[PDB]
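Have a look at the structure below before the remarks.
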Ligand SMILES: O=C(O)c1c(Sc2ccccc2)c2cc(Cl)ccc2n1Cc1ccc(Cl)cc1
Ligand SMILES: O=C(O)c1c(Sc2ccccc2)c2cc(Cl)ccc2n1Cc1ccc(Cl)cc1
């Protein structure tokens, strides 16, 4: 029956709002109290005032905020009906891989073709400034921006993304999973949830479900580059430290 | 209205049984099948440091518990109509007070029900621990003995725990008016329920409102201990 899921879709929006303070809705407003834009070396030196080299400072900046994003997605995951009940060793597995795919989804919410929100929306930072960095980091965030723009085209809601965020973490198709059946069953309901939500919220985006499920192809492909790229920067610069929570995931 | 109150009582009760798989009725039934843990040796058998592993299962369950509490607060009339920030606050603080209340329904003098009922840890086993954990649950056991002496049923608890949840004095509530507004309602319902289901028990109502002073005691003191437990996985620490 519908109300089964309609109400499940509600439970998850409400947790979504309660777990991530920068929503797609809040970003879209501040991308159309305006952000301080950074598009040059010095505008970064203002960015300190207003809100080791730059490419390394700015990389370590992506890392702190991601340690706090991983915090946010754990909080959200606990909320998902079933997840807390599952095997403990697999909870840790689902997050270990389920995190990054979530990140570059929420990322897209903060992105347009031109750049990316920063410091909780306080600032903006160009897609072309980023390209113009130090040899390893001049390619740090480029495919993100590419996928951001194709992914954002579906023009998803927050309420949509909350169920899709759910489906992601509860994969089953993940490496190291002892009990796969109960994961895959939670997801059968989340997919069932998601299906009706895309019909109702976006009644024109025909095969939006299909076209959304399709973007999990793009998403892993992104994670793969980030991993081996992230793996380089350790060899280039063993001076750099990583946060242990980020270590675990990686 | 004498009839409205009897309605809130039932809506709350009903939601409570859906919300909580293991009732105090059937937890009492069990207590008088369950695999007991009384030795170290029973333990390594029932699984199929050691002081650490036991503490940390209390953890995994304590987090399952939280979720079924959040599910249950949903059905409290107009709970959801509250400011979402305020919902988070009420749950955040009340959750612990309701865990020991429900941990009473699993406890008797000599130990506590385990694994959603399939087990029984001796109270004397629990007492027989290391200084970091050898009087961990000892305080708890005294609360539940005195608490269970009020012979509340789940019909009463289901109204009682709703009231814990909406206690309007929590740190950081933004709009306290409706929070107390509902609590006034659940109080009015709990009065009628205690006076109906136990007309023999005089001032039971008054006596339940004092154990809430105990609950706030046992919860700060437990807080105090899970920071003393910080004087002895990164992704898992974050889970808890
Ligand atoms: O501090 C920040 O919030 C920040 C930073 S770090 C920073 C912020 C202000 C001045 C200097 C550095 C960042 C760096 C990149 Cl290359 C991309 C996004 C960044 N952000 C925003 C952000 C980072 C990660 C995620 Cl998952 C979402 C938003
Ligand atoms: O998973 C359980 O059912 C359980 C546990 S979990 C456990 C069982 C066997 C060995 C180690 C941990 C538990 C531990 C303690 Cl020191 C006290 C009560 C405990 N329980 C009963 C319990 C029921 C509910 C909640 Cl909120 C917390 C604990």
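Here chain A follows Swiss-Prot, giving residues 235-266, 272-290, 303-501 in order.
The header says X-ray crystallography, 3.2 Å.
Just so you know, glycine gets a Cβ as well, placed from its N, Cα and C.
Annotation comment: Swiss-Prot describes A:314, A:315, A:316, A:317, A:351, A:477, A:501 as rosiglitazone binding site, evidence class experimental evidence. Using a 10 Å Cβ-Cβ cutoff, residue A:501 (rosiglitazone binding site) registers 14 neighbours. Annotation note: residue A:501 (rosiglitazone binding site) sits in a coil segment as assigned by DSSP.
Look at residue A:252 (ubiquitin cross-link): DSSP puts it in a helix. Sequence-distant contacts of residue A:252 (ubiquitin cross-link), defined as residues of its own chain at least six apart whose C-beta falls under 8 angstroms from its C-beta, comprise A:330. Look at Swiss-Prot and you will find A:252 tagged as ubiquitin cross-link, backed by experimental evidence.
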Self-check item: Among A:316, A:351, A:477, which are binding-site residues, the residue with the most C-beta atoms within 10 angstroms of its C-beta
Solution: A:351
Practice problem: Find, among the binding-site residues listed as A:314, A:315, the one whose Cβ has the highest number of other Cβ atoms within 10 Å in the structure shown. | Solution: A:314
Quiz item: Which ones, out of the binding-site residues A:314, A:315, A:317, A:351, A:477, A:501, lie near enough to chain B that their C-beta is under 8 angstroms from one of its C-beta atoms?
Solution: none
Exercise. Measure from each Cβ of the binding-site residues A:314, A:316, A:351, A:501 to the atoms of ligand 1 and list the residues where some distance is under 6 Å.
Key: A:316
